[PDB]
Structures are given as structure tokens and as C-alpha cells.
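*Asks:* I'd like to ask some things about the structure below.
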Amino acid sequence: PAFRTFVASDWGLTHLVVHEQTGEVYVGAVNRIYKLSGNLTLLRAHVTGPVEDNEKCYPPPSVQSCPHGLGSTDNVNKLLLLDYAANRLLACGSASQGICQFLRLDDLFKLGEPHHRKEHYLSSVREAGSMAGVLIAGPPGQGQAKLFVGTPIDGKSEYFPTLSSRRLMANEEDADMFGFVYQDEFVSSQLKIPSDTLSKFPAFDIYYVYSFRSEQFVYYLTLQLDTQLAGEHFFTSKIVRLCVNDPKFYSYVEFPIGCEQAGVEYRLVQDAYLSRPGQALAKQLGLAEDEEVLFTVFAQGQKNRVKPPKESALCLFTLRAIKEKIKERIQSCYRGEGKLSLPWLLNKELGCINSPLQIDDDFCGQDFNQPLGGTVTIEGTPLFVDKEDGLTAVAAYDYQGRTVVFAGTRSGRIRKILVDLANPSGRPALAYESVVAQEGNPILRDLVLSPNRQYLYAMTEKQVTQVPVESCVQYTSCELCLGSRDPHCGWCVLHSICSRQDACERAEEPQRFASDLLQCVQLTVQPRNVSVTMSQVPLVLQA
Amino acid sequence: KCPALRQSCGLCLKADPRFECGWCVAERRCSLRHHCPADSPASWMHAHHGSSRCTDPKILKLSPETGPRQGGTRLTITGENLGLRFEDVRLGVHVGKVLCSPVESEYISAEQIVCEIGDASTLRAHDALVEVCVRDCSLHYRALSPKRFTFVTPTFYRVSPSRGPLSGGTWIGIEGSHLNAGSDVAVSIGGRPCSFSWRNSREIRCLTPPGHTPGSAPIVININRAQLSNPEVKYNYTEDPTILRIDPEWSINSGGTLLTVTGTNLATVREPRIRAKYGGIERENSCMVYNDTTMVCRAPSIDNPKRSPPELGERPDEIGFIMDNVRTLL
Ligand SMILES: *[C@H]1O[C@H](CO)[C@@H](O[C@@H]2O[C@H](CO)[C@@H](O[C@@H]3O[C@H](CO[C@H]4O[C@H](CO[C@H]5O[C@H](CO)[C@@H](O)[C@H](O)[C@@H]5O)[C@@H](O)[C@H](O[C@H]5O[C@H](CO)[C@@H](O)[C@H](O)[C@@H]5O)[C@@H]4O)[C@@H](O)[C@H](O[C@H]4O[C@H](CO)[C@@H](O)[C@H](O)[C@@H]4O)[C@@H]3O)[C@H](O)[C@H]2NC(C)=O)[C@H](O)[C@H]1NC(C)=O
Ligand SMILES: *[C@@H]1O[C@H](CO)[C@@H](O[C@@H]2O[C@H](CO)[C@@H](O[C@@H]3O[C@H](CO[C@H]4O[C@H](CO)[C@@H](O)[C@H](O[C@H]5O[C@H](CO)[C@@H](O)[C@H](O)[C@@H]5O)[C@@H]4O)[C@@H](O)[C@H](O[C@H]4O[C@H](CO)[C@@H](O)[C@H](O)[C@@H]4O)[C@@H]3O)[C@H](O)[C@H]2NC(C)=O)[C@H](O)[C@H]1NC(C)=O
Ligand SMILES: *[C@@H]1O[C@H](CO)[C@@H](O[C@@H]2O[C@H](CO)[C@@H](O[C@@H]3O[C@H](CO[C@H]4O[C@H](CO)[C@@H](O)[C@H](O[C@H]5O[C@H](CO)[C@@H](O)[C@H](O)[C@@H]5O)[C@@H]4O)[C@@H](O)[C@H](O[C@H]4O[C@H](CO)[C@@H](O)[C@H](O)[C@@H]4O)[C@@H]3O)[C@H](O)[C@H]2NC(C)=O)[C@H](O)[C@H]1NC(C)=O
Ligand SMILES: *[C@@H]1O[C@H](CO)[C@@H](O[C@@H]2O[C@H](CO)[C@@H](O[C@@H]3O[C@H](CO[C@H]4O[C@H](CO)[C@@H](O)[C@H](O)[C@@H]4O)[C@@H](O)[C@H](O[C@H]4O[C@H](CO)[C@@H](O)[C@H](O)[C@@H]4O)[C@@H]3O)[C@H](O)[C@H]2NC(C)=O)[C@H](O)[C@H]1NC(C)=O
Ligand SMILES: *[C@@H]1O[C@H](CO)[C@@H](O[C@@H]2O[C@H](CO)[C@@H](O[C@@H]3O[C@H](CO)[C@@H](O)[C@H](O[C@H]4O[C@H](CO)[C@@H](O)[C@H](O)[C@@H]4O)[C@@H]3O)[C@H](O)[C@H]2NC(C)=O)[C@H](O)[C@H]1NC(C)=O
């Protein structure tokens, strides 16, 4: 067999996403945004790129003249978000103080690209993937579609907010786009970098790696600078959260996050992926059906976010456990204990105000004791650690209970891990490894399973690759088939092939499909040895 | 109006995303967010983009109730609370064990599925209930048919004229069992197709095509993917009848007199009749066959208040006989 593939003809790729209805694959790149079929044939190509511009210029040349010299520069796709509700694609670029694009879903027709007002500008930052966010919607006429979006700032504190809650109007031509949900002269649905904190620590910045909506909130995994760890730059990986229904922005929380393996620290997020666990991991991790889970990838130490270490670890967080750490921390500040402790935001430490309240998971923040930080760093359950080849990306999914994990590598390889801590085994075991861009093109965080969940689109700097979740047909024998353990595989006895239950005809019947090695075909012949000179000898067969 | 037309979740999310009208679990009815209380943060459900599975699917009734064992039948299932996309119902439909493949164009979302049944030769059962699984065969998201679909193998044993003229046009009556099964029916005499009229449990009635050469011919009936044969039951094509003499060569304006007609192969037409055209009016009347050569006919009335025949006598514009498709005799 051959791996279905889309090659990047001229430039690097940045983002990928799958349409849950069609299976069309949209692909963000530098200067390009592609639409692709399920089998990775090119469907449509949008030019978004080389634009005459300059990063130093505020409002970009379109609106005002700039004295700084302009040059043909590349427009990096910073972000990509499927808006199914309005039949389109939010395709947020850079290189225009970060103006956002709207491409129509089925043909990539530019519906709109707002860039007159200051909100239509997102950030000067030219780095790919340092941005993330989520699209959330209500029905037409009600409280309209909103975008929560984090980005780096590059020290442009007064131009852009790092985190924001913005409006998504139905008309792409409408000027109201990317305007804040509630703006006041006192408090706006945004969070800015304070000027005092940039004067003290020169180039502090928040880089947003992953982001997801959960129940009623919005989480972000972030990287920040040395602020109680002027000197040198050392980063601290943290979780952020907000209530979806908090225009005031009072719900903001921020806990440091990482995990440790035999006295070795892993504190730099490279990717994450919210998922289900299915019956298997759920049960022995102690969860209800709809309880969520967060697979993550961390590098060793707190050094070089620009070029991290090989040493990397796949950890785990149950959201019930992060919810408890946040509820536990809030029911603590509402006892009046200590300070808020959030260095980069509030330079002078304001104190926790005591008050009688019913502290719930439904709590969406209040006026006093405000935006607050975290003291106890949240530790994660380790699963698999690569030491010679750094993990880069992750995904996971529920298959017939058993929880399959996918892991990109710096080499261009994907690992297919059954997590078995909650399962019978000693520790979670690798099942299989696979090749994409063998030469050493790293896999990127945007790694999405298809809608039918039959394949997994794996993106590199230079190519997209349709890697099948299940490829049991590489297994030649019942003994090797059920020996690999990667749970999709069974021996379809009468066809003498290895594949999934739904692929083996008549599998539901007795003994027609084998799932444990003990079900394998065992055969014996009574007259094992027969002479050349003999002919038509009667033999008895026990099977 | 939030539905006075839809008492099923599937029907509401089916209608415009514009209306804002959506299905509300607790009430067991459908109205806007406006008109339905939020006891749960997800108590009011709306088809976001159609990515909304809908609870408690139910089957009301399905057409063809019977089908051939060979399959190929188009099953026409009509329910109330089905899936909102095709690609979820596809793969969901089954007739007992038998895999049924649904048709895109003929599928009307959450009201009706048209499905093509596969080969049921290997099935042990004679009849099986129909099942739809909306997307996943979940315990709340499965529907089972109130009465079950029946598999048969139709057979035929007799034809009710076994003889007919080469020109064709004979009303054939094929007797058998289970003849009303499946969807399509096609009857072929000598490979050439019969014009179908009506179908029954016990009878198929069709009108014969012209035969190539006179004599015995095979009768092939195909219902969907089942092609049933019988070499013991054949159809015999006869040489076209002829008319030689009518004896009295006359009648009166109102007709009704006996006519002693003579010819050939007259027993090969079961219901022959006389035709006469007088003025702008065409009229017909009955005959009684006796031999292959003899026939008694009752003369056609030509009663016209526009023209009356003269005392001398008058030839009609046309005179002949209706004998199946032998048109030279008309
Ligand atoms: C298949 O069946 C049909 C009948 O169903 C049959 O046709 C008739 O066959 C019978 C014999 O089976 C024939 O009848 C015999 O006629 C003999 C005398 O013939 C003269 O009389 C005829 C009858 O007169 C009646 O009809 C006329 C006109 O409608 C009417 O005015 C009268 O009132 C009367 O009711 C008459 O038609 C016939 O004229 C014929 O001949 C002329 C000239 O050649 C010709 O131009 C005409 O076209 C016409 O064909 C003639 O004037 C008679 O002797 C005989 O009686 C014997 O038999 C009976 C019964 O078995 C005995 O009881 C008796 O003792 C006698 O021995 C009988 O009545 C009749 O001729 C046939 N009709 C025609 C039109 O040909 C076929 O033959 C059958 N096929 C078979 C047998 O294989
Ligand atoms: C070639 O192919 C033949 C297939 O027929 C293979 O022959 C079989 O070999 C194995 C051992 O290699 C035999 O199993 C052993 O069985 C004995 C009991 O033997 C008695 O019962 C037999 C069956 O009921 C019967 O055939 C024997 O009769 C033979 O001998 C007489 C006298 O010489 C002769 O006239 C006949 O014609 C027969 O040939 C006999 O009555 C049993 O005692 C063995 O167990 C011992 O060994 C084990 C292991 O070390 C040990 O754990 C035990 O404690 C015990 O000490 C053993 O089970 C089998 O019976 C043979 N089959 C036949 C039909 O004879 C042969 O192996 C192939 N050759 C090669 C080189 O691979
Ligand atoms: C399909 O349909 C055709 C047409 O209807 C059938 O052929 C017919 O068979 C019937 C049987 O009921 C025949 O009637 C019998 O005729 C025989 C003697 O046949 C001879 O005489 C015929 C009439 O004079 C004549 O037409 C025949 O000649 C034909 O064949 C040659 C050679 O192939 C051809 O060249 C000619 O052009 C003709 O077509 C033939 O020489 C006779 O034995 C029967 O008499 C019985 O009945 C009478 C009266 O009751 C009685 O007195 C006797 O004692 C005896 O018991 C009977 O009259 C009819 O002739 C055939 N017609 C035609 C047009 O061919 C054919 O059989 C059908 N197929 C099948 C598989 O059934
Ligand atoms: C002829 O006269 C007609 C009608 O009088 C004018 O049409 C109006 O055009 C104005 C634009 O000036 C439209 O005003 C817009 O209304 C939006 C309000 O929608 C909200 O309404 C309620 C209450 O606020 C909410 O509950 C609900 O959720 C809706 O969200 C505003 O959101 C718009 O404001 C935005 O644009 C302005 C201007 O750019 C900014 O200052 C704001 O910051 C913001 O971004 C906007 O004000 C109005 O809808 C039209 N009227 C009607 C009745 O529909 C024509 O302008 C005029 N034509 C000519 C040629 O003179
Ligand atoms: C885009 O992707 C789609 C799927 O996402 C894909 O189209 C599919 O191709 C497969 C085969 O690769 C087809 O599946 C077939 O289904 C029919 C029944 O209708 C079977 O007869 C086929 O069996 C044959 O192939 C078997 C395996 O090779 C053989 O063992 C056997 O002998 C048969 O020859 C087979 O299962 C299917 O038709 C479509 N899928 C759908 C949903 O229609 C395609 O590869 C991509 N297309 C493009 C244009 O890029």
C-alpha cells in the first residue's frame, strides 16, 4: 500500500482542519490557504500572500501612510477556524498588523477582510501557531457568534490585547467585526499587557499553543516569561480559563502546569488535545461518560521556547481534576488567604478578600479579588517519554472502549499508543510506529482525525499525509495480528486476513473472527510423516 | 408558528434555520428558546448545522411489504424522528440481518428513506423486522418496524390463453403464487417485452408483444434481482386470423342482426368484435366464436341523427373486426 499525500509545492504549511460534515480538509499556509478532498487531492487554492508591507507600521499602509520602507513580505497563516454556522472559514493572517480573512466554505470565495478599525488588527507577530482560539455561537437573533482569541504582542501593549472576547457579525462586509463583546471606558472584554511590566521585563510575551471549549468555558495552554521565574529568558507553561458568558472578563484563572518523570522536569507545552476516554480509561480513572480529558506534550526544563529540547513527555490531565484545582483555589481566596499572585498582570500585589459564598464549578468571577493567578503548579500523569526523538503533536480517540493516542515526532513519525494505566497492563504501551516525512520533517500540532475516524491527517512543514488509524492488513498471521495489540485488529479466520470487526464479513457469527491470541487457528495431522513412495494415504485432521 | 405541523424533533430541525424554531426536550414539543424554560443548560435543542442526532426514531409504515429472496427491491420506509443527514442513515438500514443500501436522491430527511435491499439467498429466516440506526446503533437511537418485511420466491404455473396471434395484443393471465412481490416487474415472451397492466398475489395481467416466428415461446418474468423461469409453461404464437365472408352482406341503421362470418384461426382470439365507421362516428359490437372457421356476430348500430342510410343502401366509411393487434383486419 501507499500513503495518500498532498505535497507543498512552493511554501511551508502552518495549519490544518477538517470539516465535520464533508471531510474536506482545509490547510493554512504561508501565502496560501488550500481546500482538499478527503484523499488529499487539491480542490481549491487561495492566494493570501506576498504582500507589500512592513511590521513597524501602525495602521498598515492601506489606511495611513507610513514613513518606514515597504517590501514584498510573506503573509503567514497564524490561525484557522471553521465557522459552520455561517458557512465559511476564518483564516487569520499576519503581515498587516494581523488582519483577518473570511473565506467561503465550499469555494474559498473571500466574503470579507475587515481592516479599517483598530480591532480589525490582531497582532504584528509574524510567528505561526503562537496564536489559538475557539469559535462559539448561538442561534440567529439571539446573542450572536463570538470569537475568543489569544495572541502574542511583541511589546505592542497598547495596540493589541493578548486575550480578547470579540464579536462575529453575519455580514463579512459589516464593519462591526472583531469588536469586543462589551466595551466600556472602565472595563472591556479584553486583557491587555501592562506597560509597567514591559518596562521591568523587556520582552515578556504570551504565546498561545492550544485552545478548546469545554462544557461552558474556554481553556488555553500558554507559555510566558521569567516573572519570579534584567537577566535571561525562562518560560512557564500554564493553563488559562474563562466563562463563555463573562463579558467583564472576571473569570480569568491561570495555573502553572507540567509533570515529572523520575526527578526530571517537563514544563514546556508543545501541543495538547481534549478528548474522551471511552469505557476503558474512564472506569479506572474514575469518570462519568461525558467527563473530558486532556492529553499533552511537554519538553524538558524551562529553556529555549524558540528551539526546545529533544527530551519530551506525554502527560495527562482529567478536567474534573483541573476543575477541582480551580474550585479549590477560589474557595481559598474567598477565605481571604494570601494574595492574588499574578506577576505580569498586577505588579503591586492586591490581597484576597474574604466573603461568604456558595463556591461552585458554575462560578463566573466577581468584582473584587478580580483576575487571579495560581500557586500550586498542577501536576500531570505521565504516559510515554521519548528521549532520542522529540514528540511534537498529539491526538486521541475512543475505539470500542480502548483509548488510542497519536503522537507526532521531530522525525516525521506517528506513534499509536494504547494508554493502559487504567487498563490491566503495567504502564501505557506503544503499539506501532509509522512514517510520513521520513527525511526528518517534524509533524505539526494540527493533527486531526477524519469525521468517519478512519484516517488521521498528519501535517508537516512541507506535506499533508493521510495516515490510516487502522491498517491491520500489514499483519500476515493470526499470531502476529493479535500480537500487535493495537485494538482495531482481529483475525478474520476464514478470509485469513487481519482487520476490524466491521470489515470482516459474518464476523458476528461463532468463531468466525478472533480477538484474543487463544482464539487463533490450531491444527494437527495424525500421519505427520508420509513417505515419498506411499500414495493416497488417509490422514485425519484435528482443528 | 412553532410547530402546529411538527410533533417530532426530526421535523423541527428539518425546517429553516431562519425560524429559530427548535425542539425542546422536556415539553415533548417544539418552540423557540424564548418559549421554552432552561431547566438544563442543554434542554432546548437546535440543529446547529444538522450535526444534531435526534432521539427515539420511529417507523410508521413501509412499502413493498413483500420482496424477492434475491433482493434488489426498493424498500420505501416512512418514519417520524430520523437523522438529518444522509451519511448517517447510510449504513444504518437493515432488514433483519440483510444489509440494505439507501438511495440519496429519493431520501427525504427524517421523514422517509428509500433503500435497496441486498442478496437474501443465504438468510435462514422467511420474514424479518426492519431496523434503522440513526448514526450509531445506540440503545435509545434505534427503530424497529411495527410489522415485518416478508421474503418470498414467486412462482407461476399457468397462462389463460396459451395461444395468440403473431401480431400480438392478447390479454394474458399468468397464474401463480407470491406474484405481487418486490418493486419492478418485467414479463418477456421470446425475449420481447409484454405491456404490463396490473399485479396480484395470484395473477399477473399483461398485453402480448408481436412474435417473430409462430410456435412455442419462453415466458421469462423478472422481479428485481430474481429471474423466474418455467419451460413446462409456454406460449404458442398462431398464424394471424383471416376474414373471408360475412353472410348477410347487409343490416339496418340500428343494427343488431345476426351475421354468419367465416374465416381462419378464429379460436385464437378470445373476444373479437365488429367495427364500423359511419360518418364521423365509429361503433363496435360483439361476436361469438364457434369453430376455428365460424363465428356469429351481432351487427353494429350506426344510429346517426346527422345521416340516415338511403332506401338504395350505403357502404360505411370503414368496416372490419377488432382482433387483438392484427390491424389489417380493422
Ligand atoms: C363448426 O360449427 C358450425 C356450426 O356451429 C358449422 O357450420 C354449420 O354446420 C352445419 C352442420 O354441422 C350445417 O348445417 C347443415 O345445413 C344443411 C343444409 O344447408 C342449408 O341450410 C343452411 C342452414 O339454414 C339456416 O341458416 C340460414 C342462414 O343463416 C337461415 O336463413 C335459415 O333459416 C336456417 O336457420 C344454410 O346456411 C345453407 O347455406 C349454405 O350453403 C350455401 C350454398 O352452398 C352457401 O352459399 C352459404 O354460405 C351457406 O354456407 C344451406 O342452404 C342441412 O342439410 C343439415 O342438416 C343435417 O344435419 C342435422 C344435424 O346434424 C341433422 O339433424 C339432419 O338430419 C341433416 O342431416 C345441417 O342443418 C351448416 O351448413 C354449417 N354452416 C355454414 C355457414 O357452413 C361447421 O360446419 C362446424 N365445423 C365442423 C363440423 O367441423
Ligand atoms: C512420523 O509420523 C508419525 C505419525 O503417525 C509420528 O508417530 C507418532 O509419534 C509419537 C512420538 O513421536 C507417538 O506418541 C507416543 O505414543 C506413545 C504410546 O504409543 C502407543 O500408542 C500409539 C497410539 O495409540 C500406538 O501407535 C503405538 O503402537 C506403535 O508401536 C508398535 C510397536 O513398535 C508398532 O507395531 C505400531 O505400528 C505402532 O507404531 C503404541 O502402542 C506414548 O508412550 C508416548 O509418550 C511418551 O513420550 C513422552 C515424550 O517423551 C513422555 O512425556 C511420556 O511420558 C511417554 O514416555 C508418545 O505420546 C505416536 O503414538 C506416534 N503415532 C503413531 C500412529 O504411531 C512420528 O512422530 C513421526 N516421526 C517423526 C520422526 O517425527
Ligand atoms: C401452435 O399453434 C399452431 C397453430 O395453431 C399449431 O399448429 C396446429 O395444430 C393443430 C392441432 O390442434 C392442427 O389441427 C390438426 O391438424 C392435423 C393435421 O394437420 C394437417 O392438416 C392441417 C389442416 O388441413 C394443415 O394446415 C397442416 O399443414 C400445416 O403444416 C405444414 C407443414 O409444416 C405447412 O406447410 C402448412 O402450411 C400447414 O401450416 C397439416 O398438414 C389433424 O390431425 C387434426 O385433426 C384432428 O381433429 C379433427 C377435427 O376435430 C378430427 O376430424 C381428426 O380426427 C383429428 O383428431 C387437427 O385438425 C392445425 O392444423 C395446426 N395449424 C397450423 C396453422 O399449423 C401448433 O401445433 C401449436 N404448437 C404447439 C407446440 O402446440
Ligand atoms: C436611513 O435611516 C435608516 C433607519 O433609521 C438608517 O439605517 C440604520 O443604519 C444604522 C447605522 O448607522 C444601523 O445602526 C446599527 O445598529 C446596530 C444595533 O443592533 C443591535 O440592536 C439592539 C440594541 O442595541 C441589540 O439588542 C441587538 O443585539 C443588536 O446588536 C449597532 O450594533 C450598529 O453599531 C455599530 O456601528 C456603528 C457605526 O459604524 C458604530 O459606532 C458602533 O460602534 C457599532 O460598531 C449600528 O449603529 C441601524 O440598524 C439602521 N436602522 C435600522 C432601524 O435598522 C440609515 O443609516 C439611513 N440611511 C441613510 C442613507 O441616511
Ligand atoms: C475519496 O475518499 C473516498 C473514501 O473516503 C474513496 O472512495 C471510496 O473508495 C472505496 C475503495 O477505495 C470504495 O469502497 C468500495 O465499496 C464497494 C461497494 O459499493 C465495494 O464493491 C468495493 O470493494 C472492492 O474493493 C475491495 C478492496 O479493494 C475488493 O476487496 C473488492 O474485490 C472490490 O473490488 C469497495 O469496498 C467506495 O466506493 C468509495 N467510498 C464511498 C463512500 O463511496 C476514494 O478513494 C477517494 N476519491 C477521490 C476522488 O479522491
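Numbers in chain A track Swiss-Prot; the residues on display, in order, are 37-265, 271-584.
Header entry for method reads X-ray crystallography, 4.0 Å.
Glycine residues also receive a Cβ, built from the backbone N, Cα and C atoms like all the rest.
What Swiss-Prot records for this protein is below:
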DISULFID  A:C93-A:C102  disulfide bond
DISULFID  A:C128-A:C136  disulfide bond
DISULFID  A:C284-A:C405  disulfide bond
DISULFID  A:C300-A:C356  disulfide bond
DISULFID  A:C374-A:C393  disulfide bond
DISULFID  A:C513-A:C530  disulfide bond
DISULFID  A:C519-A:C561  disulfide bond
DISULFID  A:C522-A:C539  disulfide bond
DISULFID  A:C533-A:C545  disulfide bond
CARBOHYD  A:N75  N-linked glycosylation site
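Context for these features, please: burial, neighbours, distances.
*Replies:* DSSP assigns A:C93 (disulfide bond) to coil in the three-state reduction, outside any helix or strand.
Cβ-based neighbour count (10 Å, all protein chains) for A:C136 (disulfide bond) stands at 24.
Note: A:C284 (disulfide bond) has non-local neighbours A:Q252, A:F253, A:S292, A:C405, A:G406, i.e. same-chain residues 6+ apart with C-beta under 8 A of its own C-beta.
Residue density at A:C356 (disulfide bond): 25 other Cβ atoms are found within 10 A of its Cβ, drawing on all protein chains shown.
The 10 Å shell around the Cβ of A:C393 (disulfide bond) contains 19 further Cβ atoms across the protein chains shown.
Less than 8 angstroms from the CB of A:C513 (disulfide bond) sit A:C522, A:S525, A:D527, A:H529, A:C530, A:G531, A:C539, A:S540, A:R541, each of them six or more residues away in the same chain.
Counting only residues at least six positions away in the same chain, the Cβ atoms of A:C519, A:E520, A:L523, A:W532, A:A555 sit under 8 Å from the Cβ of A:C561 (disulfide bond).
If you take the C-beta of A:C533 (disulfide bond) and look for same-chain residues 6 or more apart in sequence within under 8 angstroms, you find A:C539, A:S540, A:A544, A:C545, A:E546, A:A548, A:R553, A:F554.
In three-state terms derived from DSSP, A:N75 (N-linked glycosylation site) belongs to neither a helical nor a strand segment and is classed as coil.
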*Asks:* From the disulfide-bonded residues A:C128, A:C136, A:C300, A:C393, pick the residue whose C-alpha lies nearest to the C-alpha of A:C102 (disulfide bond).
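*Replies:* Result for A:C102 (disulfide bond): the nearest of the disulfide-bonded residues is A:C136.
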*Asks:* I need the nearest neighbour of A:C356 (disulfide bond) among the recorded positions A:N75, A:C93, A:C136, A:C374, A:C393, using C-alpha distances.
*Replies:* A:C374
*Asks:* Cα-Cα, whole number of Å: A:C300 (disulfide bond) versus A:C136 (disulfide bond)?
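*Replies:* A:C136 (disulfide bond) has its Cα 36 Å from the Cα of A:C300 (disulfide bond).
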*Asks:* Across all the protein chains here, work out how many other Cβ atoms are within 10 Å of the Cβ of A:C519 (disulfide bond).
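*Replies:* That number is 21.
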*Asks:* Near ligand 5, meaning Cβ under 6 Å from any of its atoms: which of the recorded positions A:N75, A:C136, A:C356, A:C374, A:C539 fit that description?
*Replies:* A:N75
*Asks:* Any idea what the Cα distance is from A:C393 (disulfide bond) over to A:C93 (disulfide bond), rounded to a whole Å?
*Replies:* 42
*Asks:* Hey, which of the disulfide-bonded residues A:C374, A:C405, A:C539 is the loneliest by Cβ count within 10 Å?
*Replies:* A:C405
*Asks:* Give the three-state DSSP assignment (helix, strand or coil) for A:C128 (disulfide bond).
*Replies:* coil
*Asks:* Can you check which residues sit near A:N75 (N-linked glycosylation site), meaning Cβ under 8 Å from its Cβ, same chain, 6 or more apart in sequence, and list them in order?
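*Replies:* Long-range Cβ contacts: A:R40, A:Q507.
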